[PDB]
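Single-structure report; data block below.
Residue numbers start from 1 in every chain, and the chains themselves are labelled A, B, ... in the order their sequence lines are given, proteins ahead of strands. As a basis for the values below, the full set of heavy atoms in this structure was taken, side chains included, without hydrogen atoms, waters or symmetry mates.
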Amino acid sequence: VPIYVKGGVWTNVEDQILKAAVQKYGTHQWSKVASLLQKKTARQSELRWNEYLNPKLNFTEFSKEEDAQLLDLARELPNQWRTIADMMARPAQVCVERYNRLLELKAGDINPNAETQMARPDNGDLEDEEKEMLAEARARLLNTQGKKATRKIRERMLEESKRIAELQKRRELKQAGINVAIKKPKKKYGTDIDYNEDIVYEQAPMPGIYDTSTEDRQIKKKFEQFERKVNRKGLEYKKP
Amino acid sequence: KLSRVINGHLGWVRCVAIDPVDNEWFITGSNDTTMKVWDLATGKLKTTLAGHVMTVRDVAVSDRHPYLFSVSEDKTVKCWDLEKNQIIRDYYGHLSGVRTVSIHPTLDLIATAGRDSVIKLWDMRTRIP
Amino acid sequence: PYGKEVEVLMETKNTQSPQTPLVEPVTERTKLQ
Amino acid sequence: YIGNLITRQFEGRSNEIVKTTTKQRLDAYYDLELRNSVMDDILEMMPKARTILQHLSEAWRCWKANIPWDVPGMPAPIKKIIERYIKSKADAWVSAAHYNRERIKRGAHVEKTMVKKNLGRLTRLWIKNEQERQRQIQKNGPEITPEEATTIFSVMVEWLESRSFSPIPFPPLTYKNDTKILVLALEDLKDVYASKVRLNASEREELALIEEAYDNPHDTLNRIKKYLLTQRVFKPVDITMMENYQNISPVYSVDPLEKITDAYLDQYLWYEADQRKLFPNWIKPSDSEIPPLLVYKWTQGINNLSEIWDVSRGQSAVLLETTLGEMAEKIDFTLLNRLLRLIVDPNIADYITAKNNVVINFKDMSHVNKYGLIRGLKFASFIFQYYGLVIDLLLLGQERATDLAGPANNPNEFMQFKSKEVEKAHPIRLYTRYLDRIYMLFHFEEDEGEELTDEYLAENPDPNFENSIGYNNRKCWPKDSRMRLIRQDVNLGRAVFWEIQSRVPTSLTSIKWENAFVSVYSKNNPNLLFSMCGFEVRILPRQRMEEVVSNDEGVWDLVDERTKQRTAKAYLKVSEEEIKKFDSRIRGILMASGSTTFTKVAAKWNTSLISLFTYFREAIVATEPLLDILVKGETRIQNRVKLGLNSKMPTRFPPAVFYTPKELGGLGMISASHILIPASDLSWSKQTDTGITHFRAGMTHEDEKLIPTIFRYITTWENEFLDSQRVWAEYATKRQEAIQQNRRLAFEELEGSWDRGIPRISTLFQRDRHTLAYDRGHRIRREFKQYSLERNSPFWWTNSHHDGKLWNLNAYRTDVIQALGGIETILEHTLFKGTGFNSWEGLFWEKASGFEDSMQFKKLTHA
Amino acid sequence: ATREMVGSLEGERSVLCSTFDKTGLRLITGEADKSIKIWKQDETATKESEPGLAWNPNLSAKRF
Amino acid sequence: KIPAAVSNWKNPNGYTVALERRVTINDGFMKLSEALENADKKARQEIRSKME
Amino acid sequence: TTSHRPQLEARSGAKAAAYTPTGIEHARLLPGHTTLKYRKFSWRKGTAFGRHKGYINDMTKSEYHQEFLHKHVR
Amino acid sequence: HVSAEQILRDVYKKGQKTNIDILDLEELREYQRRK
RNA sequence: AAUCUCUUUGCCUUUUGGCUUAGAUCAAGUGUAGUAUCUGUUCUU
RNA sequence: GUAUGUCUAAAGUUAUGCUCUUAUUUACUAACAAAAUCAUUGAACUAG
């Protein structure tokens, strides 16, 4: 069923998904953020952030100096609530609200100010729609790698299973007295190197003043010994 | 002490070379990809040589030839005939941006180097490195 | 800005034509053709 | 070539190929060198570099967004390094934007992707400048001083008191006209959607809200009034720029729910303002006439001024034309609120000003609009014209404004006066303002002009008489036809501008000489010149002509209503700006239609050509550069189809392919360029009117056939106006007789006149006339659509509901079929004979169904 | 210290290139503020009237 | 010590960071507003002084 | 994705110095400029107002840029 | 109550999720070649 | 004089690797199928 | 529907609470599918 006009009241669940989404996508991808919410648009998610959820916003009780400044700015800049708000470093709706309280909707109505209203609490039984919304949000918030990296993951797993199947068949043949070599990877180009056939690009240590013959013999003997073994047995002052 | 300030380039002035023969003018290369020739005595802009698509990193004027050599981040090395104010030779070969050029004092050869970590010596006439 | 002892110029116009040579070609033999 | 190919066969390909810095690699290579330099400087200043350069990338994104880049705890020298390199990149980016825009303007070669990039760059640069302007205003305060604001307020008070104006009340809860004003508002909002079959989520949301407003009018009216009374904080407005090649223009996208309220308010204010006569007769555009008729009326108005052309006593006439520069952007909201409370209920004024103080967004850029009118608001036209009235009163003064407007009890119609003595009582004979352009006609006696110029020269002496330098003159007319730069006339023109410019404070608008044209008519100057609504006009009195010669269409005869005799001629031309706008529209078609079907390309060409010809008509006849541009445009449109077929071969594309009507499988193009273009010696042409001594070919084809030209099917404006005066006087007489007989006029009692008149007689019986009677300010509303909609009708100047059908091109198709040699000859070019189809009559193309029509709705990739 | 042109950032106060004229009496410098600066020696100076920085080799730095 | 860069536009590893890591007074205005208040009062009173 | 990378170091010409080259003939390397050059050796009283009563090194704020924007954006 | 911190802990737990032996010289060579 | 474990300091040790027009746009869908998934009920435990 | 990638497997023998049954919800994927109002007409057609 389509949804042509989005909006309504902001539930707590939506505010929490929006905050998690902002922590991942930043503040310039409101369409990607809103994509995690079923009933809210990109512009409404941006408004909910800029006017209510952004932690930098000053919602504290107005000081007497701020009350005087508010009345003055309201007289100097008539009806220019966003300019006044910018001067007060407070949300525009908070300033209008305070100004009204300092001068002293209905069922089926559209709320024009919904993005600045307090969040409707999640009652303990989450509706299925919101439960599915949370599941989809957790799934999209988890992903971090693109198609190529993901295919490389599955390809490495398949390459390992092929490797084990190859060794299984080779071991069955060996146990039956049929010795067979393991398949070498096919060359992708004329100069494709087989790194075991030689010490590729060998850089022998620079000769020094000290003789190494007696330790070279020892290393050679140890290398021979190791390889034969593998062949036989395997492996409070803060103040303003 | 400071005596004169000249403005005209639309980007940082990256290189400068004096006329080694008559000392009457000096050429500057800039981030704006152009080269400008200035009168030394008065500082007035004589002419603008436009022949690179990126920052002109170095300029060298021959004391034996009526030639100007210029190198740029666009990987090119160019020889300008100062009798025509036109490019006459291009030296192709640097893998990346060319940072410096030096003209050999007694040979018809130029040295150039840059980000590709090698010095190329070019025969001026054939343009062969 | 720099003091009265410093000449500050703003050069936006080439004072000589593009074809005016920067290094005059020598012509040791006068021709009449 | 072959030696290299064979070398590759034996030796293989080289492994050391160095790619050059071509246009497609310039940005990538620039980035590599910039990053390497930044890294070198940072690493050498410090006692993981790839992580450090991420700050450079962020600083560039911050610069592009105009967001201040500041990293807490960042070492100061490294910050300075990043900042200077960011500025160097910025300088290169801006320089490239200027360079590419200059190329685009002059028609130089520039790739389509580069054009789109340039539009993006100019948009960000414009927003950066706008944000800087707003911040400077907040820092230095308002430019309008307190005493000049007090003066302006008292001027509007004196005017409104003199008119005994009744302020517009808040729309009553039981307002008598609510339903009609609402239908008109929703019609205007719905118009945008009237034929786009493909909608996105935002468009669907707006159209659903409109449909809801039609279904629930009472709840809609209640909501609208509640918002007008109490909503003072509004949602942000999106801004975008439309490409016009010569320039770009802003488009404001307002929230759909707010837009419904704004549209209702706009209709209400214009209706009530019209009922209360808020706007005097001189403010334009006006619902009473289309722009061409405005130009015609103005010309005839000048010609009918008493003794305007006499020069026996050394008299002179001055026509001053200038622009009220940056008028809308310099609007202070406190002054606006105070002035609005003078003409409307305070809740409406407060709503209007609050609606201007909104956030402006473009991608990642965002700022609060604190000063200047947002032209995209539906009621912005009303505010604009009201602030314009303020400026009009400053220019004219209370006394002359009263003479021009007439008493409130009995207002003058446009350009008329209650008496000849009132007309002559003051030098300002005529005044009109078309939005931001003011036109003033002054008449001076020898002593009045001498006294004025003497004072001007006293304040601004010209000892070497160089005042002719930089004196703006109409370049489109020959040297002997444009204004003659005679010392006395040049000085009087400058003195008139100097006098008028002093009357309006610079804080309200920038009246600049470079944006002004001052034409002097005198014993030494027989031609009076002006440009209005895109028309270049030159008035020459008959008494000043060497000989009176007959003229073709494009030279209006001005009749003196007193003697009913022709006393002056008005030569017409299309302004260079409008010529460039037409060429830009053709460029826009070619740039957009990269994958368009041949039929849709031809249809776009037709739309633009018809828009041009039906608007300018006879002014095109003498505009040779426009004929040249028409030839090139039509050729380029045909080349788009030819190139789509990978062939430009002339014999493959006879005229029948392009001009055969759509119902016969042709593209149905309408031609304007198969005409002969006037040619004459250009040297003489620049000095004097050479006539038409030679012709040069336009579009041509091998086939021996003359294609009809669209111009021959559109009645010129002069003939429409004369015939309108006739049919409407006949109608007025029949109306009085119809009531004398106590009859009703029958529908066919006006047969033959139905399709005549301006407005068409048929509009008297428009189906919705009972609602359209309330539609006020409809012309300015239609023109202001340019600021709120990305796609606008090229017919911005006419409304079929109010004007009727102003043209009928059905005869063109008939004559093009005849020109092509008839159906027989046309079909000989087609595959028709191979179809075995019985008759050409049954050739019904299924213009509404096909596979591609079934497919356009499906889930499909861009490819 | 050089002085950057009006409107420049502090980072633009940077010498990028230089060359003496053929006589060595004029120094030409190109800078990040996009300007070219010409420097010359003071002709009114003398060994006694403009001694310059004192010869005082810093022993702390072991570059001797 | 150069702080670690956290971009508000790009997140190549898809990390989640704290919201904190992602995220004009001129007397001429008052003078103008009060001048317009005085002009409003002037007119409001003058009209009455003229009609009576 | 890691395929999109900044440059850690530029490819050195020392690598190509060891390669065995081919004999391709390039158009730009054909003979040209084969000889070197060498140097020698009452109507005016009724209105409310009237007479009767830079270079900076920052492109984005220069008057030139501002007039460019005023000219091209309308 | 749901919280963004809770959501992201559940994402973390949702995402946080064979020992072959070499029996002779031939398998060692295969292994070393691959490595 | 030599172990072991704590705590602080130091080290950050799997500890965000370019560019452009935020690169661009989109997020209304029937049947059937495939994969994952949800509530409940018995059953497992 | 592509680009494109991968596979092709004897012999042509180299010496020694937590789940389950199952009826649904939701998301994603499908060049799979000629779907009954608005003298028989989307119809073999669309790809980086």
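- Without both centres closer than 5.5 angstrom and planes tilted by less than 30 degrees, the six-membered rings of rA9(J) and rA10(J) do not count as a stacked pair.
- Residues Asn11(F) and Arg22(F) form a side-chain contact, since some pair of their non-hydrogen atoms from C-beta on lies under 4.5 Å apart.
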*Yes or no on side chain to side chain donor-acceptor pair (under 3.5 Å) for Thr11(A) and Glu130(A), after CA distance, side-chain angles and deciding distance?*
CA-CA 10 Å; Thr11(A) 75; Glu130(A) 291 191 312; 3.2 Å; yes

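- As judged by a 4.0 angstrom heavy-atom cut-off over every strand, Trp30(A) is placed among residues making no nucleic acid contact.
- Applying the ring-ring contact (aromatic ring centres under 6.0 Å, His included) rule to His98(D) yields the partners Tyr64(G), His65(G), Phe68(G); only residues at least two apart in sequence or on another chain are considered.
- With a negative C1'-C2'-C3'-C4' torsion, the sugar ring of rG17(J) falls in the south range.
- Within 4.0 Å (heavy atoms only), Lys169(A) reaches no atom of the nucleic acid at all.
- Taking 90° from 0 as the syn/anti boundary, the base of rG17(I) is oriented anti.
- For the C1' atoms, the distance from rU41(J) to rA47(J) is 28 Å, rounded to whole Å.
- At a threshold of 4.0 angstrom between heavy atoms, the contacts of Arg35(D) are confined to the sugar-phosphate backbone, with no base atom among them.
- Using a 4.0 Å heavy-atom criterion, one finds that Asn118(D) contacts no nucleic acid atom at all.
- Consecutive residues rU24(J) and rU25(J) stack, with base ring centres under 5.5 Å apart and planes meeting at under 30°.
- Within the nucleic acid shown, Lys858(D) comes within 4.0 Å of at least one base atom, counting heavy atoms only.
- On the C1' atoms, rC32(J) is 28 Å away from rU25(I), given to the nearest whole Å.
- Distance alone, capped at 3.5 Å, is enough to place a donor-acceptor pair between the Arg103(D) side chain and the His109(D) backbone.
- Here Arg151(A) lies out of heavy-atom contact (under 4.0 Å) with every strand.
- A donor-acceptor contact shorter than 3.5 Å links the side chain of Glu203(D) to the backbone of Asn200(D).
- Residue-level contact check: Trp60(D) touches the backbone only, with heavy atoms under 4.0 Å from sugar-phosphate atoms and none from bases.
- Comparing the same atom, P, in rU16(I) and in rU20(I) gives a spacing of 23 Å after rounding to whole Å.
- A north sugar is assigned to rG23(I): the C1'-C2'-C3'-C4' torsion is positive, on the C3'-endo side.
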Under 3.5 Å, N/O pairs linking protein and nucleotides 22-30 of chain J:
{"from": "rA30(J)", "atom 1": "OP2", "to": "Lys859(D)", "atom 2": "NZ", "distance (Å)": "3.3"}

*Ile127(D) and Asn66(D): side-chain contact (heavy atoms from CB on, under 4.5 Å), yes or no, with the steps?*
CA-CA 9 Å; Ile127(D) 293 175; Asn66(D) 210 51; over 6 Å; no

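- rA36(J) and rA24(I) have their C1' atoms separated by 43 Å, with the value rounded to a whole Å.
- Taking the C1' atoms as reference points, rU39(I) lies 8 Å from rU25(J), given to the whole Å.
- At the heavy-atom level, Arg25(D) lies nowhere under 4.0 Å from the strands shown.
- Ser72(B) contributes a side-chain N or O that, together with a main-chain N or O of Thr55(B), makes up a donor-acceptor pair within less than 3.5 Å.
- The line from CD1 of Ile52(D) to CZ of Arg50(D) is 11.0 Å long, rounded to the nearest 0.5 Å.
- Under the 5.5 Å centre and 30° plane thresholds, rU7(I) stacks on its strand neighbour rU8(I).
- Within 6.0 Å of CG on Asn13(F) lie more than 12 heavy atoms contributed by other residues, nucleotides or ligands.
- In this structure a side-chain-to-backbone donor-acceptor pair under 3.5 Å is present from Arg121(D) to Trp93(D).
- Between the side chain of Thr123(D) and the backbone N or O of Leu119(D) there is at least one donor-acceptor pair closer than 3.5 Å.
- Here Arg22(F) lies in heavy-atom contact (under 4.0 Å) with a base.
- Between the side chain of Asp364(D) and the backbone N or O of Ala65(D), no donor-acceptor pair lies under 3.5 Å.
- Sugar pucker of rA23(J): north, as indicated by a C1'-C2'-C3'-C4' torsion of positive sign.
- Neighbouring bases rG12(J) and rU13(J) form no stack, their six-membered rings failing the under 5.5 angstrom centre or under 30 degree plane limit.
- Note on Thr2(G): nothing from the nucleic acid sits closer than 4.0 angstrom, heavy atoms only.
- Taking the six-membered ring for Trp and thresholds of 30 and 60 degrees, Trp30(A) and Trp49(A) have ring planes inclined between 30 and 60 degrees apart.
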_Walk along nucleotides 6-18 of chain J from 5' to 3' and tag each nucleotide B, S or - by protein heavy-atom contact under 4.0 Å, base first, then sugar-phosphate._
-------------

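- Atom pair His862(D):NE2 and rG48(J):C1' shows a separation of 11 Å (rounding to whole Å applied).
- With the nearest nucleotide of RNA chain I identified for both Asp364(D) and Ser202(D), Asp364(D) has the one nearer the 5' end.
- Taking ring-centre separation below 5.5 Å and interplanar angle below 30 degrees as the test, the adjacent bases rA28(I) and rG29(I) do not pass.
- Residue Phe362(D) is out of contact with every strand shown, counting any heavy-atom pair closer than 4.0 Å.
- The stretch residues 140-154 of chain A participates, sequence neighbours left out, in these side chain to side chain donor-acceptor pair (under 3.5 Å) pairs: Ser35(A)-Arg140(A).
- For RNA chain I, the span of nucleotides reached by chain G at under 4.0 Å from its heavy atoms goes, 5' to 3', from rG17(I) to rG18(I).
- If you take atom P in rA35(J) and the same atom in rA43(J), they sit 14 Å apart, rounded to whole Å.
- Within the 4.5 Å cutoff, side-chain heavy atoms of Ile7(H) are placed close to those of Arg138(A).
- For the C1' atom pair drawn from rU21(J) and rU42(I), the interatomic distance equals 8 Å after rounding to whole Å.
- Nucleic acid contact class of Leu8(G) (heavy atoms, under 4.0 Å, all strands): base.
- Base pairing in RNA chain J gives the following stems of 3 or more Watson-Crick or G-U pairs, range against range and under 3.5 Å: I:32-36 with J:26-30.
- The separation of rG31(I) from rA27(J), taken at their P atoms, amounts to 13 Å, rounded to a whole angstrom.
- Without hydrogens or angle criteria, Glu166(A) side chain to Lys183(A) main chain gives a donor-acceptor distance under 3.5 Å.
- Along RNA chain I, the nucleotide nearest to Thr51(D) and the one nearest to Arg204(D) differ in position, and the one closer to the 5' end is contacted by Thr51(D).
- Where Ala863(D) and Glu852(D) meet RNA chain J, the nucleotide closest to each residue was compared, and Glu852(D) sits on the side nearer the 5' end.
- A negative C1'-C2'-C3'-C4' torsion places the sugar of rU14(I) in the south, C2'-endo-side range.
- A cation-pi contact, defined as under 6.0 Å to the ring centre and within 45° of the axis, is absent between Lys87(D) and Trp63(D).
- A distance-only check finds a donor-acceptor pair linking the side chain of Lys24(A) to the backbone of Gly14(F) [under 3.5 Å].
- Nucleotide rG12(J) carries a south sugar; the sign of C1'-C2'-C3'-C4' is negative.
- Using a 4.0 Å heavy-atom cutoff across all strands shown, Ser849(D) reaches sugar-phosphate atoms only and no base atom.
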